[PDB]
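Okay, so here's the structure we're looking at.
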Amino acid sequence: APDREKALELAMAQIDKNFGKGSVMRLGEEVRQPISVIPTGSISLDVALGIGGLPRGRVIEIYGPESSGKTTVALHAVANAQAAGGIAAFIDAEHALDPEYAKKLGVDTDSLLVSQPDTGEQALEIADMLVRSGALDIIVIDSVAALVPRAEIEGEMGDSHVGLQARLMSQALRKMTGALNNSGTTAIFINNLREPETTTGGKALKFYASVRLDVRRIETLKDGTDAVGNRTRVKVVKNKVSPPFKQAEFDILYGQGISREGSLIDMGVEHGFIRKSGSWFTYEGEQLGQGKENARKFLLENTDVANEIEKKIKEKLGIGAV
Ligand SMILES: Nc1ncnc2c1ncn2[C@@H]1O[C@H](COP(=O)(O)OP(=O)(O)O)[C@@H](O)[C@H]1O
């Protein structure tokens with residue numbers, strides 16, 4: 001009488017109809033809902049997400065230690081959203097943002113809303129007010145930790161020293177998500193997890209997110225033996241719109257953003273478009289140079305190649321039709 005796959009498809013169906021598409025899913029599954037998305041600025045991370053980038057109208061949490069490449073992504077995400085003619089807001093609570101570096105990643109700074117809240121309540125509340133005007137495509141809150149409650153800010157005693165900063169973050173997200181879905185704004189929270197919850201407030205963010213990225217630093221790019229950039233490693237630990245747990249890597253050169261050419265090489269090799277004699281890179285017969293850097297340089301100067309490689313890697317995977 002029983003047929004496990006039949007009874008299982010049925011189960012899953014009911015499950016998703018009760019809690020939302022993606023509440024349960026086979027990892028090897030290949031999602032075909034192309035969503036609305038905001039390119040991460042990293043082809044690999046975009047593919048890692050399985051949907052081409054950050055989903056729209058969702059709470060995204062990008063965590064990791066200082067200098068791991070988080071902000072940069074966050075910024076690239078803002079740049080891509082703006083080229084699509086979208087409006088961006090930046091709830092700054094750290095006062096670190098280097099707009100000069102931002103423009104370099106393609107961000108139109110003169111049109112970027114910025115706010116520098118006095119208290120945690122304020123910060124979130126200002127983000128909420130903006131979000132629910134449906135004008136914004138993306139909003140970035142720098143530093144989950146920085147959202148300290150007002151009571152703590154103003155001199156207030158070690159009396160009523162409850163876990164209020166996390167309750168703060170729960171109530172705020174309880175109501176913002178609603179707006180975020182209707183508005184379609186993607187909200188990236190930047191949780192610098194460094195130095196019981198991930199920064200006190202990220203405990204409630206662990207559940208409200210639709211996507212959580214574990215940004216980490218893994219190597220220092222040198223080519224020979226000198227300071228150039230660093231290779232980041234992102235892990236999609238949570239993904240409610242596609243099979244989670246995938247991993248993507250990329251290079252961020254000092255003063256520049258996520259290296260396109262760099263990626264192209266990586267993405268290329270793992271897909272046999274570009275062959276890597278051991279320590280020499282080549283493409284369709286053409287020699288790119290020894291050392292990932294000479295090739296990087298090669299592809300930067302020979303804009304024609306790279307562009308056809310991007311084509312091939314894209315053709316094979318996505319950013320296409322549906
Ligand atoms: N203001 C800046 N000027 C030059 N390079 C920067 C700047 N900000 C970030 N970078 C580059 O981006 C890399 C990652 O930094 P970032 O992602 O901003 O730190 P975090 O992980 O705290 O967000 C840095 O190692 C550097 O290569």
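By convention here, the chains of the structure tokens are called A, B, ... in the order presented, each chain's residues are numbered starting at 1, and ligands are numbered starting at 1 in the order presented.
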
* To do: Name each residue within 9 Å of ligand 1, counting only C-alpha atoms and all ligand atoms, as an NGL selection string.
  => :A and (62-75 or 96-102 or 142 or 190-192 or 215-217 or 228-232 or 251-258)

* Asked: When distances are computed from only C-alpha atoms, which of A:179, A:162, A:286, A:22 shows the smallest separation from residue 130 in chain A?
  -> A:179

* **Near-residue 270 in chain A list (12 Å; only C-alpha atoms; drop same-chain fewer than 6 positions) as a list in words** => residues 44, 263, 264, 276 and 313 of chain A

Prev. selection, C-alpha atoms, output as a PDB file, in the first residue's frame:
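What ended up in again_26.pdb:
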```pdb
ATOM      1  CA  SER A  44      30.921  32.028  -7.737  1.00  0.00           C
ATOM      2  CA  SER A 263      37.081  34.615 -10.750  1.00  0.00           C
ATOM      3  CA  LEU A 264      37.032  33.931 -14.512  1.00  0.00           C
ATOM      4  CA  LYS A 276      46.207  24.599 -16.344  1.00  0.00           C
ATOM      5  CA  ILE A 313      31.065  29.807 -18.224  1.00  0.00           C
TER       6      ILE A 313
END
```

* Running DSSP on the backbone, which parts of range 27-130 of chain A land in alpha helix (DSSP H), as a PyMOL selection string? -> chain A and resi 43-48+70-83+99-104+120-130

* Asked: Please, which residues of range 14-152 of chain A, numbered as in this document, come out strand (DSSP E or B) from DSSP, as a PyMOL selection string?
  -> chain A and resi 37-38+54-55+59-64+87-91+113-115+136-142

Residue subset to file, keeping C-alpha atoms, as a PDB file, in the first residue's frame:
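New file again-v6.pdb:
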```pdb
ATOM      1  CA  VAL A  37      17.993  38.825  -7.200  1.00  0.00           C
ATOM      2  CA  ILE A  38      20.864  41.277  -6.634  1.00  0.00           C
ATOM      3  CA  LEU A  54      20.871  37.778  -3.114  1.00  0.00           C
ATOM      4  CA  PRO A  55      17.109  37.198  -3.230  1.00  0.00           C
ATOM      5  CA  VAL A  59      16.767  39.516   5.300  1.00  0.00           C
ATOM      6  CA  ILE A  60      20.355  38.675   4.481  1.00  0.00           C
ATOM      7  CA  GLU A  61      22.994  38.278   7.176  1.00  0.00           C
ATOM      8  CA  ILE A  62      26.622  38.508   6.192  1.00  0.00           C
ATOM      9  CA  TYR A  63      28.854  37.568   9.096  1.00  0.00           C
ATOM     10  CA  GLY A  64      32.513  36.863   9.644  1.00  0.00           C
ATOM     11  CA  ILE A  87      17.612  53.164  -4.664  1.00  0.00           C
ATOM     12  CA  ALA A  88      19.965  52.261  -1.767  1.00  0.00           C
ATOM     13  CA  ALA A  89      20.136  53.174   1.912  1.00  0.00           C
ATOM     14  CA  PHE A  90      23.033  52.629   4.321  1.00  0.00           C
ATOM     15  CA  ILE A  91      22.208  52.564   8.024  1.00  0.00           C
ATOM     16  CA  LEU A 113      21.063  57.483   1.468  1.00  0.00           C
ATOM     17  CA  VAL A 114      23.045  57.304   4.699  1.00  0.00           C
ATOM     18  CA  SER A 115      21.918  57.528   8.271  1.00  0.00           C
ATOM     19  CA  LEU A 136      14.341  51.032  -1.793  1.00  0.00           C
ATOM     20  CA  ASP A 137      15.813  48.026  -3.569  1.00  0.00           C
ATOM     21  CA  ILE A 138      18.450  47.359  -0.918  1.00  0.00           C
ATOM     22  CA  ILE A 139      19.320  48.526   2.597  1.00  0.00           C
ATOM     23  CA  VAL A 140      22.524  47.734   4.463  1.00  0.00           C
ATOM     24  CA  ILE A 141      22.883  47.966   8.230  1.00  0.00           C
ATOM     25  CA  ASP A 142      26.533  48.105   9.176  1.00  0.00           C
TER      26      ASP A 142
END
```

* **Minimum-distance residue to residue 19 in chain A, chosen among A:104, A:58, A:240, A:167 (using only C-alpha atoms)** =>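 For residue 19 in chain A, the nearest of the given residues is A:240.
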
* Asked: If you count only C-alpha atoms, which residues fall within 6 Å of residue 40 in chain A, apart from same-chain ones fewer than 5 positions away, as a list in words?
  ->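 Skipping anything fewer than 5 positions along the chain leaves residues 46, 53 and 77 of chain A.
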
Can I get the selected residues back with N, CA and C atoms, as a compact mmCIF listing (two decimals), in the first residue's frame?
```txt
# COMPACT_ATOMS: atom_id res chain seq x y z
N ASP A 46 27.43 34.02 -6.46
CA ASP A 46 26.12 34.11 -7.11
C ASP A 46 25.58 32.73 -7.44
N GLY A 53 22.33 35.30 -7.06
CA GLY A 53 22.63 36.37 -6.14
C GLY A 53 21.70 36.43 -4.95
N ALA A 77 26.90 44.58 -3.87
CA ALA A 77 25.48 44.35 -3.98
C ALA A 77 24.74 45.68 -4.17
```

* To one decimal place, how far is CA of residue 309 in chain A from CA of residue 288 in chain A in Å? ->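 Distance reported for this atom pair: 12.6 Å.
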
* Contact residues around residue 317 in chain A with only C-alpha atoms at 12 Å, ignoring same-chain residues under 3 positions, as a VMD selection string -> chain A and resid 30 43 to 44 46 to 48 50 to 52 267 to 268 271 310 to 314 320 to 321

* Asked: If we count only C-alpha atoms, what is near residue 149 in chain A at a cut-off of 8 Å, once residues fewer than 3 positions away on the same chain are taken out, given as a PyMOL selection string?
  -> chain A and resi 119-121+152-153+164-165+168

Could you write those residues out with C-alpha atoms, as a short mmCIF file (atom, residue, chain, number, x, y, z; two decimals), in the first residue's frame?
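Written file, part-v6.cif:
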```cif
data_model
loop_
_atom_site.label_atom_id
_atom_site.label_comp_id
_atom_site.auth_asym_id
_atom_site.auth_seq_id
_atom_site.Cartn_x
_atom_site.Cartn_y
_atom_site.Cartn_z
CA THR A 119 20.57 54.39 19.38
CA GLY A 120 19.88 50.83 18.30
CA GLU A 121 16.13 51.41 18.35
CA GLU A 152 22.68 50.90 27.57
CA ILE A 153 23.84 53.93 25.58
CA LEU A 164 17.64 43.61 25.80
CA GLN A 165 19.81 44.20 22.74
CA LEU A 168 15.56 44.78 20.38
#
```

* Asked: Pick the closest to residue 242 in chain A from A:123, A:211, A:93, A:176: which is it, counting only C-alpha atoms?
  -> A:211

* Distance query range 278-281 of chain A at most 7 Å, only C-alpha atoms, self and fewer than 6 positions along chain excluded, as an NGL selection string -> :A and (287-291 or 295)

* Which of these, A:116, A:33, A:185, A:133, has the shortest distance to residue 86 in chain A once you count only C-alpha atoms? -> A:185

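In this comparison, which uses only C-alpha atoms, the residue of A:174, A:282, A:84, A:241 approaching residue 29 in chain A most closely is A:241.
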